[PDB]
Amino acid sequence: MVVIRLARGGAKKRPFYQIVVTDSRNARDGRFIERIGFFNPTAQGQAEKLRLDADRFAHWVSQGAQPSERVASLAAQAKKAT
Amino acid sequence: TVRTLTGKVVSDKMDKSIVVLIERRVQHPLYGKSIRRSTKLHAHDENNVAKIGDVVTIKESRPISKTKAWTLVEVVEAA
Amino acid sequence: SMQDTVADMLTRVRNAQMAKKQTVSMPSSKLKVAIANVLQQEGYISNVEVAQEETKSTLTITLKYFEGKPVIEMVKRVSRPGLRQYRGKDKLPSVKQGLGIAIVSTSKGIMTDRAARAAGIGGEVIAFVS
Amino acid sequence: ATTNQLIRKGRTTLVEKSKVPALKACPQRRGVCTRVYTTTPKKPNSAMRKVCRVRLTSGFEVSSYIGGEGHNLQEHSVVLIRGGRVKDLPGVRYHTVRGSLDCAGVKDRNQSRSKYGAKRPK
Amino acid sequence: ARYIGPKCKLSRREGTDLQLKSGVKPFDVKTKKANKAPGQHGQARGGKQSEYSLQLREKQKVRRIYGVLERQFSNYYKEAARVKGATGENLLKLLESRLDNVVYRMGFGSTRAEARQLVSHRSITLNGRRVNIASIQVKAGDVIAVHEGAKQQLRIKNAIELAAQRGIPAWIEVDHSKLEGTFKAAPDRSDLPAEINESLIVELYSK
Amino acid sequence: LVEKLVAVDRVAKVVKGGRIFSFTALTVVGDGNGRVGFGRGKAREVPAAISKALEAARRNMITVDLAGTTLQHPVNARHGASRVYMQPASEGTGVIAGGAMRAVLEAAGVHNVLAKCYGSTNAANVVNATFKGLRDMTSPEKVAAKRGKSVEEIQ
RNA sequence: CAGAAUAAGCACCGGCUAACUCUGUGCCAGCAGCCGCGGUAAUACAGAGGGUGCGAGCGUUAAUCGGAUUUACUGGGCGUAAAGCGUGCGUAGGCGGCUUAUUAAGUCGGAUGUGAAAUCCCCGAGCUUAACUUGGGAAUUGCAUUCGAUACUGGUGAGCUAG
RNA sequence: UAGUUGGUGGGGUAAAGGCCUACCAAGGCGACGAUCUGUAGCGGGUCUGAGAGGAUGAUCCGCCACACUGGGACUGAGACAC
């Protein structure tokens with residue numbers, strides 16, 4: 001099914017995740033339908049940790065996409081933030 | 001808003017079909033001179049209205065045979 | 001046979017200037033008249049006349065010399081029947097860093113490159129003059 | 001040419017062949033020594049220069065110059081050859097690298113040692 | 001890496017005083033061989049030189065004074081070319097903005113070499129951090145302070161004595177009692193000495 | 001005055017019993033503010049040849065209309081089989097050219113230019129081509145004057 | 001906490017090309033990217049001294065582009081240097097005199113859609129600095145649809161006489 | 001080039017279609033290079049270059065094809081299935 005999940009990037013020991021909407025059969029770091037935010041686990045200084053687009057998130061969730069557990073937790077964090 | 005191409009009939013031997021020669025003018029990629037180019041397209045005319053020498057207009061459609069995927073619209077100029 | 005009347009007119013002007021003659025006459029056409037008027041309004045030539053007898057028209061141009069030298073130091077034909085040159089507004093040519101003129105045929109008429117840039121239009125580059 | 005001529009037929013570019021066909025686009029090539037001999041340079045130079053006949057792994061029998069004052073190469077010796085031209089021996093288009101599979105470095109040298117393969121003396 | 005070697009050989013070769021001897025005595029009195037190159041064939045400075053030769057000697061002169069090797073110098077030049085403005089002047093600004101050179105021009109290092117060792121041994125701090133890299137470029141508004149372990153040192157006391165003998169540059173302002181100073185902006189070309197020529201270096205790299 | 005020795009050469013003529021050998025020198029002299037000249041000098045000795053070339057270059061001088069430290073417009077020039085192209089450049093570029101063209105450009109006073117050589121690189125011919133191009137360069141004021149229009153109108 | 005204590009090689013010095021001398025050896029040994037050097041005063045061969053350029057690296061070989069305006073669209077040539085078919089006629093093709101009306105194919109302008117992300121460039125952020133990672137922008141110089149302009153080229157109708 | 005090009009009836013497929021078949025007609029492609037023959041996975045990109053251009057497809061991303069060689073189907077939403 002269509003899913004919303006984290007694709008890995010960055011360097012060793014310091015991952016940086018793109019929050020992407022994709023078909024579950026695609027590879028983790030490959031083909032995707034849309035990019036709707038990022039997540040930096042080790043942000044410091046002025047670096048922003050979480051940016052999620054609530055409008056597109058709601059749109060895709062309404063169209064039947066199933067978030068992963070981590071993305072659901074991050075969406076809850078962003079809901080509390082705003 | 002069907003795509004439409006205007007040409008002139010060059011054959012009418014086939015049954016319920018016509019062949020129309022379409023010409024375009026484009027610039028040369030390296031030297032820039034305007035140069036002639038042409039393509040021949042098979043069309044479908046159920047009633048055999050068009051004949052050799054007339055100017056016609058055709059539109060795109062679903063395949064009707066192995067080589068024909070275009071259909072007659074009007075005879076712009078009769079031969 | 002004769003196949004480029006604009007080139008023929010430009011060549012006649014150039015050779016007359018090199019031979020240091022005050023006037024040059026040739027068969028006339030409306031395109032040549034327009035080009036001559038543009039040259040006159042840009043100051044390369046003094047005067048332009050057209051005289052008709054029965055059905056044949058003759059264009060006469062008066063030439064200028066300054067400091068004992070031809071005013072038109074360089075005149076070149078750009079677009080020819082063999083190769084035709086069309087340029088957009090952004091890519092219009094400049095002659096001697098704007099010290100010359102490029103004659104341009106546009107839908108609004110025959111004008112210089114700077115005027116064409118001001119109008120935001122392009123067209124056919126006819127000649128370079130400086 | 002004219003514009004129409006250039007349109008009908010374009011401009012022709014001619015390729016260039018390899019000055020070292022034996023290598024076959026390789027930095028080095030293994031070989032087996034077939035005959036060690038000494039030949040006479042062409043004029044105006046007069047000398048005796050050491051060359052060898054080698055059957056390469058590629059399959060082209062070739063001539064390889066031997067550099068350095070002293071050489072111990074003999075028949076049935078597995079050597080390594082590289083590109084390089086003597087410029088005065090006709091038909092010689094390669095060098096044999098010292099310090100290689102069977103070749104040894106030149107003794108009693110202390111300048112340009114990395115060439116000729118001599119190791120560091122204390 | 002780093003160039004560890006005799007300094008006066010290089011100074012005499014360059015033909016001008018490079019200021020690597022701390023100036024405690026006059027350089028002329030110290031070396032007593034200036035205008036004569038060190039070597040068997042050493043000839044007077046009046047010998048003719050080629051265009052490429054002069055272009056090369058200029059780069060060598062700058063590199064020797066600022067203690068920068070060829071790879072880093074080439075990176076500096078390419079950076080100056082990328083940066084807008086006069087590339088030659090930008091290159092000199094980049095050289096001047098170095099942390100160890102700034103420490104020297106601010107006056108806690110007897111020699112640029114000594115400042116390099118201080119930075120390497122972490123006796124200097126950028127703002128509140130114990131940096132240990134001499135190649136760091138000091139931005140405007142930075143505060144070069146001394147560390148507590150570095151303080152109460154005979155070498156540092158002698159260095160500040162020599163700095164007081166010297167004249168502090170305008171752009172730096174350093175309190176010696178507090179052993180800390182601050183950086184306003186990149187020194188201007190007019191402030192930089194006119195002996196150095198940068199156009200030769202620009203042409204050298206352009207070739 | 002800036003003086004530059006573009007080149008020096010050794011030449012010979014045949015006579016009974018051997019060869020007579022001489023030297024020739026090509027030199028350029030300028031002020032740096034826009035006046036430049038070049039000359040040739042021959043003699044049995046290099047010191048004499050260089051001096052004669054200096055006098056010839058002094059005699060043969062022109063004036064050039066510069067645009068600050070760059071040319072007024074791109075220029076194409078030729079003499080014999082030597083062709084030279086010169087283009088104005090933004091401040092800081094420098095003089096990107098060959099030695100023969102560089103001598104003339106420095107003598108004239110241009111410090112920002114991009115130059116190219118097409119054809120034979122004979123030093124004398126290249127110097128002559130650069131000389132004629134710089135001489136034949138025009139100016140916005142002169143163009144406006146000969147056209148009869150204002151400099152502002154010319155733009 | 002201990003103490004300078006554990007740590008520097010490679011190439012080259014005739015011209016192109018920054019850096020020269022002695023010894024040994026002599027058209028041999030040999031060096032050599034090209035011009036070249038070597039038959040007893042070789043700064044071009046081997047060692048040594050001194051230097052020059054790089055530096056945890058330094059040299060050689062192999063390969064692509066550049067210099068190369070030696071395939072020339074930008075941007076070359078054919079009397080003697082390479083290059084006008086022995087000379088006509090003519091088919092396909094290329095190009096084509098003047099005026100006027102109409103069309104809007106070429107040509108030109110505006111709008112919409114598209115041109116994935118990464119990569120290039122610009123301004124920032126996190127890395128002690130830099131590499132590197134990253135946020136945004138620009139760019140993607142094109143393609144398609146549609147609405148407009150009519151000087152030039154082409155299509156159509158009509159007129160003309162200098163070819 | 002003789003299912004070859006087109007048409008009609010029928011068959012067949014999830015679906016248009018000579019995709020298959022009986023008949024009818026003689027068509028269809030080609031100097032704007034058909035047919036034959038040599039070589040090659042293609043693009044975003046990468047290297048070089050003032051630019052035009054030239055060379056190239058490791059590592060990252062999209063598409064395609066293949067799984068000891070060749071011919072087949074079965075099951076299943078989906079394979080002619082490393």
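Protein chains get the first letters and strands the later ones, always in sequence-line order, with residue 1 at the start of each.
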Side-chain donor-acceptor pair present, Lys68(B), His44(B), cut-off under 3.5 Å: yes
Sorted by chain and residue number, the salt bridge (charged side-chain N to carboxylate O under 4.0 Å, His left out) partners of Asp4(C) (sequence neighbours excluded) come out as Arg77(C)
What is the separation between atom CG on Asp8(C) and atom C1' on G97(G), rounded to the nearest whole Å? 12 Å
Please check the phosphate of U61(G) (OP1 and OP2 only) for any side-chain N or O of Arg98(D) closer than 4.0 Å. no
Interface residues of residues 2-26 of chain D with RNA chain H (non-hydrogen, below 4.0 angstrom): none
Map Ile136(E) and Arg13(E) onto RNA chain G by nearest heavy atom, then report which one ends up closer to the 5' terminus. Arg13(E)
Please work out if the bases of strand neighbours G57(G) and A56(G) stack, meaning their six-membered ring centres are under 5.5 Å apart and their ring planes differ by under 30°? no
So, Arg82(D) versus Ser100(D): side-chain donor-acceptor pair below 3.5 Å or not? no
What residues, two or more places apart in sequence or in another chain, satisfy side-chain hydrogen bond (donor to acceptor under 3.5 Å, both in side chains) together with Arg57(E)? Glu14(E)
Presence of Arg24(B) side-chain N/O under 4.0 Å of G106(G) phosphate oxygens OP1/OP2: no
Taking atom types as they are modelled, is there a donor-acceptor pair under 3.5 Å from the base of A48(G) to the side chain of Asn110(D)? no
Please list all pairs meeting side chain to side chain donor-acceptor pair (under 3.5 Å) that have one or both residues in residues 5-16 of chain D, counting only residues at least two apart or in different chains. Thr2(D)-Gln5(D)
At less than 3.5 Å, do the side-chain atoms of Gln44(A) and the base atoms of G126(G) form a donor-acceptor pair? no
Which two nucleotides bound the region of RNA chain H that has atoms under 4.0 Å from heavy atoms of chain B, read 5' to 3'? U5(H) to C32(H)
What protein N or O atoms touch nucleotides 1-5 of chain G N or O atoms at under 3.5 angstrom, if any, and at what distances?
from  : atom 1 : to        : atom 2 : distance (Å)
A4(G) : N6     : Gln117(E) : NE2    : 3.2

State whether the distance check finds a donor on one side and an acceptor on the other, under 3.5 Å, for side chain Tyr3(E) versus base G55(G). no
Can a salt bridge be assigned to the pair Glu53(C) and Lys56(C) using a cut-off of 4.0 Å between side-chain N and carboxylate O? no
